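For reference, the chain that follows is the form deposited in one PDB entry, supplied as structure tokens.
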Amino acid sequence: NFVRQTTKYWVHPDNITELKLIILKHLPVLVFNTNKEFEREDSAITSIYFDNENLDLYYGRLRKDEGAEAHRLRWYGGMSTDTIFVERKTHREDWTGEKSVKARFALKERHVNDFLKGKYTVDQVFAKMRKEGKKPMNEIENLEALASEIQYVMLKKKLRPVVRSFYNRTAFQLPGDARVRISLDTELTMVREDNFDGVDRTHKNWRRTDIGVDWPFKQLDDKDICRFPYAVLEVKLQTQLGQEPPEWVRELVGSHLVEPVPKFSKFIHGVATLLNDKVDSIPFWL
């Protein structure tokens, strides 16, 4: 068997370029988008984290409660991106024997709003997919179940867009080797998406329209945005017992280039920052 593990660090802007080369020395970039020709913005990742007036989800993730869910809508690339991923992270304590999970399904941007409000049913979302005998049956059911469970808590717990997480991501990995997988997130940004202010920043839809992927979004009030000082490095290892992680990774991770901040969260940070007034619990990194 083998052991998995991941660590998150902060990287000062001055060290980014150096760090980036050291990584590339051993780990070529993962393209992941081999189909549509190269685009500048193809490295962008935006995620609208959902939560309610009580920040139930926030505290759940903060404390890492058994079963604590995080709900976000994510799109890869520029604003001309149509496919929208409805993702849910579910934390599970170790004593459960199970391990935390991330699951998602795809929606066309058209139907996003209608789905969050219940006007667009799970039946409709996947009717287009059931029509194609391609996807395995039990595999479609799980996607339908997931879509249902999401639409459920999205309504029962009265969730809404609360905080946006934007950043450019670069991933690294030697093909056919999973011993080490790295990702480097730059120009990280959190912007308010809520209305706990009287201000309707979303104007009744799942995402702000006054912005897109135009970093560093200067048209935003300082009160609505948090330009994150550092880049975020995440190293994900997988080691067969009796074997070691590549000496260069150990060496790099222990260097002055990085600054370990395990269990750091773009979502938790963004909320704790932009909405400090109404939170009574705060992360360790501040």
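Numbers for residues come from their place in the sequence shown, where the first is 1. C-alpha atoms forming the largest set that superposes within 1.5 Å between two forms make up the rigid core.
Just so it is clear, the following notes concern the form deposited in another entry, a form of the same protein that is not shown.
Just one residue from the list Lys99, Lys156, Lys131, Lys204 crosses the 2 Å line for C-alpha shift between the shown form and the other one on a rigid core fit, and it is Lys99. A displacement of 2 angstroms or greater separates the C-alpha positions of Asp177 between the shown form and the other one, with the rigid core held in common. When the rigid core is held fixed, the Cα atom of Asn52 travels less than 2 angstroms between the shown form and the other one. When the rigid core is held fixed, the Cα atom of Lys36 travels 2 angstroms or more between the shown form and the other one. A decrease of at least 3 Å in the separation of the C-alpha atoms of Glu98 and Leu62 is found in the other entry, compared with the displayed form. A shift of at least 3 angstroms brings the Cα atoms of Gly97 and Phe267 nearer to each other in the other entry than in the displayed structure.
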